Amino acid sequence: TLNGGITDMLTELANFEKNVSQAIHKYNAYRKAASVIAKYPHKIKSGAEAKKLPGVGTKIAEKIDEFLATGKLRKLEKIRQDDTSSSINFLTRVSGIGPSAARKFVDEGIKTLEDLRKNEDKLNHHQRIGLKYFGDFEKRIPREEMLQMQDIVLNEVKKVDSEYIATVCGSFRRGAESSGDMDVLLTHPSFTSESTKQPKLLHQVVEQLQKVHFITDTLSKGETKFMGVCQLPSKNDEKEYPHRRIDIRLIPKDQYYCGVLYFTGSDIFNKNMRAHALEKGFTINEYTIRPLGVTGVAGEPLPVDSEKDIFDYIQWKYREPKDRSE
DNA sequence: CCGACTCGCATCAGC
DNA sequence: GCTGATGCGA
DNA sequence: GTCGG
Ligand SMILES: Nc1ccn([C@H]2C[C@H](O)[C@@H](COP(=O)(O)CP(=O)(O)OP(=O)(O)O)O2)c(=O)n1
Ligand SMILES: [Cl-]
Ligand SMILES: [Cl-]
Ligand SMILES: [Mn+2]
Ligand SMILES: [Mn+2]
Ligand SMILES: [Mn+2]
Ligand code: NA
Ligand code: NA
């Protein structure tokens with residue numbers, strides 16, 4: 001928390017550039033700066049001191065000087081006051097509403113939560129569910145509740161087919177004391193890079209979790225990726241638990257390690273590692289690490305028997321999940 | 001300076 | 001219908 | 001917005 005004011009400012013600027021300006025490289029630039037400063041173990045006293053960190057440049061350094069001097073950033077103070085910016089920033093907080101839809105809605109005069117409720121007719125299915133659970137999706141998940149959810153998911157999967165392996169990833173696997181959502185990596189021996197010998201492998205699981213009233217809604221669903229909503233059961237006379245977002249990714253069993261690396265993250269950690277892989281002549285996705293040939297075209301998948309094998313190829317020391325929270 | 005900065009699903013445009 | 005782009009998301 | 005080359 002040494003530099004919370006600064007990292008908050010950069011995050012707000014990042015969000016502005018994504019949601020309002022639609023400038024995703026600026027969003028990523030601010031995100032990278034905020035991350036590098038967040039792990040900096042000194043209380044930053046100057047923009048010049050910050051500029052020594054990779055990803056902090058001259059423009060961010062100047063903003064840090066303004067913020068250190070005054071506790072504020074004029075540029076943000078005015079963004080906070082501009083009506084369309086603030087309306088756009090709000091609407092993108094609904095799952096399924098991005099910068100595009102948010103601006104179109106603001107264009108048609110839909111700019112408040114009440115406006116959206118009045119105009120449910122104009123939302124696609126994802127957006128309608130995001131609106132329904134807007135309040136619940138603001139609440140974080142205590143790790144203790146993550147553990148109960150894990151119990152349910154693992155046991156329910158076992159009951160569909162004992163050969164399923166389900167792994168909770170994301171911030172949970174990084175050891176976070178609370179999470180924004182639950183991410184589940186799924187594998188089954190009938191689904192490898194070489195063949196899919198059983199159909200419906202993800203569907204069967206979604207169905208089982210629906211039938212025990214754990215999964216309550218679906219935002220998107222295909223053959224390998226589910227995105228929806230779930231809820232812990234509550235005890236007699238207790239208030240219901242908040243509804244929670246859940247993502248499930250079925251990964252070819254032989255590609256578990258690249259999959260678990262991807263799904264564990266963080267997002268920024270993945271972004272940095274994939275970028276470093278490129279510097280080193282490889283490309284990494286959730287399935288494989290491949291070398292880049294003399295012309296920048298991916299070659300054949302290299303053998304991988306461990307998360308560390310991936311770190312090895314790109315000449316990074318192994319980092320435990322808990323140390324990947326960038 | 002200047003080019004560069006992985007993929008799944010839903011939806012749409014075009015045919 | 002399919003294919004490719006875009007939006008939104010992990 | 002940043003930065004390797
Ligand atoms: N732009 C992105 C977004 C996500 N991912 C991967 C890495 C991330 O940890 C995982 C879960 O995403 P989530 O969106 O669930 C974020 P997570 O790290 O689980 O933290 P929480 O906020 O507590 O949920 O998906 C990626 O590679 N690139
Ligand atoms: Cl940009
Ligand atoms: Cl691949
Ligand atoms: Mn998560
Ligand atoms: Mn998630
Ligand atoms: Mn609820
Ligand atoms: Na720097
Ligand atoms: Na959104």
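Note: hydrogens, waters and symmetry copies are ignored here, and every other heavy atom, side chains too, is used. Proteins get letters first, then strands, A, B, ... in listed order; numbering begins at 1 in each.
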Tell me whether [X] is salt-bridged to [Y], with the criterion being a basic N under 4.0 Å from an acidic carboxylate O.
X	Y	answer
A/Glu307	A/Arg324	yes
A/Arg245	A/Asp247	yes
A/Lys75	A/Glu66	no
A/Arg290	A/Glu300	no

Quiz item: Taking the six-membered ring of A/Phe172, is NZ or CZ of A/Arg143 closer than 6.0 Å to its centre and within 45° of its axis?
Solution: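 Checked: cation-pi criterion met.
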How close or far is atom [atom2] of [N] from atom [atom1] of [X], stated in whole angstroms?
X	N	atom1	atom2	result
A/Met227	B/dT11	CE	P	12 Å
A/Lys225	B/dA10	NZ	P	8 Å
A/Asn15	D/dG1	CG	P	15 Å
A/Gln22	C/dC8	CD	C1'	12 Å
A/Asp247	C/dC8	CG	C1'	12 Å
A/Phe137	C/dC8	CZ	P	18 Å

Counting heavy atoms from C-beta on, name the nucleotide in [options] closest to the side chain of [X].
X	options	value
A/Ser100	C/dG7, D/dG1, B/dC7	C/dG7
A/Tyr30	C/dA10, C/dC8, D/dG1	D/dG1
A/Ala101	C/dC8, B/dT11, D/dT2	C/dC8

Quiz item: Is D/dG1 on the north side or the south side, where north means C1'-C2'-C3'-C4' is positive?
Solution: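 Sugar pucker of D/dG1 - south, given that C1'-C2'-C3'-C4' is below zero.
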Quiz item: Is C/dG9 a north or a south sugar when classified by the sign of torsion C1'-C2'-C3'-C4'?
Solution: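 A north-puckered sugar, given its positive torsion.
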Quiz prompt | Pair A/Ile64-A/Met9, side chain to side chain contact (heavy atoms under 4.5 Å, CB included): steps then yes or no | solution = CA-CA 9 Å; A/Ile64 282 167; A/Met9 167 180 76; 4.2 Å; yes
Quiz item: Taking for each residue the nucleotide of DNA chain B with the nearest heavy atom, is it A/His25 or A/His126 whose nucleotide lies nearer the 5' end?
Solution: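 First, find each residue's nearest nucleotide; the 5'-ward one identifies A/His25.
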Quiz item: Is A/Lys26 near the major groove or the minor groove, when near means a side-chain heavy atom under 5.0 Å from a groove base atom?
Solution: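 A/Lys26 reaches into the major groove.
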Practice problem: For D/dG1, take OP1 and OP2 only and decide whether either is under 4.0 Å from a side-chain N or O of A/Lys59. | Solution: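 True: A/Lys59 side-chain N/O within range (under 4.0 Å) of D/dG1 OP1/OP2.
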Exercise. Give a yes/no on whether any side-chain N or O of A/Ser220 is located under 4.0 angstrom from OP1 or OP2 of C/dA10.
Key: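 A/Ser220 to C/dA10 OP1/OP2: no side-chain N or O under 4.0 Å.
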Self-check item: Check: A/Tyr27 ring centroid to A/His25 ring centroid under 6.0 Å
Solution: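 No, the ring of A/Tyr27 stays outside the 6.0 Å limit from the ring of A/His25, centre to centre.
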Quiz item: Do A/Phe90 and A/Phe134 have ring centres separated by under 6.0 Å?
Solution: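 When the ring centroids of A/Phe90 and A/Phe134 are compared, they turn out to be within the sub-6.0 Å range.
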Quiz item: Counting only non-hydrogen atoms, which of residues 45-58 of chain A are less than 4.0 Å from DNA chain D?
Solution: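 Going residue by residue through residues 45-58 of chain A, the ones with a heavy atom under 4.0 Å of DNA chain D turn out to be A/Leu53, A/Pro54, A/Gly55, A/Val56, A/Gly57, A/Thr58.
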Quiz item: What residues in residues 256-285 of chain A put a non-hydrogen atom under 4.0 Å from any atom of DNA chain D?
Solution: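 Contacts with DNA chain D under 4.0 Å: none.
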Quiz prompt | Whole-Å P distance, B/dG8 and D/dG1 | solution =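 After rounding to an integer number of Å, I get 32 Å for this pair.
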Self-check item: Separation between the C1' atoms of B/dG3 and D/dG5, rounded to whole Å
Solution: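 Here B/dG3 and D/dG5 have their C1' atoms 11 Å from each other.
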Quiz prompt | Interatomic spacing from CD in A/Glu240 to CD in A/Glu238 - rounded to 0.5 Å | solution =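 CD of A/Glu238 is found 11.0 Å from CD of A/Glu240.
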Quiz item: Touch check for A/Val184, heavy atoms < 4.0 angstrom, all strands: base, sugar-phosphate only, or nothing?
Solution: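 Answer is nothing: A/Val184 stays at 4.0 Å or more from every strand.
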Quiz item: Would you say the side chain of A/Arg140 lies within less than 4.5 Å of the side chain of A/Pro142, judging by non-hydrogen atoms?
Solution: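 A side-chain contact under 4.5 Å is absent here.
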Quiz prompt | Pairing nucleotide - B/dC1, Watson-Crick or G-U, each distance under 3.5 Å | solution =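 The base-pairing partner of B/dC1, which may sit in any strand shown, is D/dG5.
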